[PDB]
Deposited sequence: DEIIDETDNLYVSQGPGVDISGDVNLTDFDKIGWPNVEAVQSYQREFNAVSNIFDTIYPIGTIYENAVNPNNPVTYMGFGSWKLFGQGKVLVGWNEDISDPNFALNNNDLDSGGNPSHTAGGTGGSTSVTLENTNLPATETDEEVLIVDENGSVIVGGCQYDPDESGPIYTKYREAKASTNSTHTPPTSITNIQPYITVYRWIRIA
């Protein structure tokens, strides 16, 4: 026996891209509602992998059309992890899209925000207060202690040659995959 088309479905929330070079908001448009009938496999494919879908393959380097048969696809998020967009606008990282600013420079509440860093290089502002393990002689106008080499009165450096210091990884355990977006 054969697969029934079933009742068609009202596709009311589709989108299309309006830029295929730089991908994402603001260059996305809503598609007016239309009926999808499952006339053929291509229509099923469109219901499974609508425009914007992210697809990942661990090993196949080729464009997905060559091994799926359908869709137009582009590499997506190269060098990036995916973070879930947050509907809570107070999220300071994952709600507001720095790549889609309004005329006042204000980011939209859309997916496609980017950020993060592969390493960090510590600066003095990042260091907590510390003290020497032992007492030393400290210059003090309110002090009570009266004082082969001579000495100088100066702030004592530590790590003066670390300009800059060695960076530290900021990357958690990963594996890379071929990641694609369906663009049309």
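In sequence order, the deposited residues that have no C-alpha coordinates form the ranges 1 to 9, 157 to 169.
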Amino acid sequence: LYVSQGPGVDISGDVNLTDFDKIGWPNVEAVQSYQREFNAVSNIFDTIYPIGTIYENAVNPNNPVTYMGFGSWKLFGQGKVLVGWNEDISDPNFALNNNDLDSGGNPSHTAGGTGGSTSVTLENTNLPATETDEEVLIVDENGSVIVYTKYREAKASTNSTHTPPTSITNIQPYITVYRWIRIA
From here on, numbers count along this sequence of modelled residues.
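For the two regions 1 to 9 and 175 to 183, the entry's Cα B-factors average higher over 1 to 9. The question of which stretch, 123 to 131 or 25 to 33, has the higher mean Cα B factor is settled in favour of 25 to 33. Between the residues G79, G104, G112, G84, the entry's highest C-alpha temperature factor is the one at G104.
Taking the PDB entry at face value, the top CA B factor among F45, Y55, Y67, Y151 belongs to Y151.
Among the modelled residues of its chain, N170 has a C-alpha B-factor that falls in the lowest third, as given in the PDB entry. Per-chain ranking of the deposited C-alpha B factor places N97 in the lowest third. Per the deposited record, the Cα B-factor of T158 falls in the lowest third when ranked against the other modelled residues of its chain. When the modelled residues of the chain are ordered by their C-alpha B factor, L137 lands in the middle third.
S117 sits in the middle third of its chain by CA B factor, as recorded in the PDB entry.
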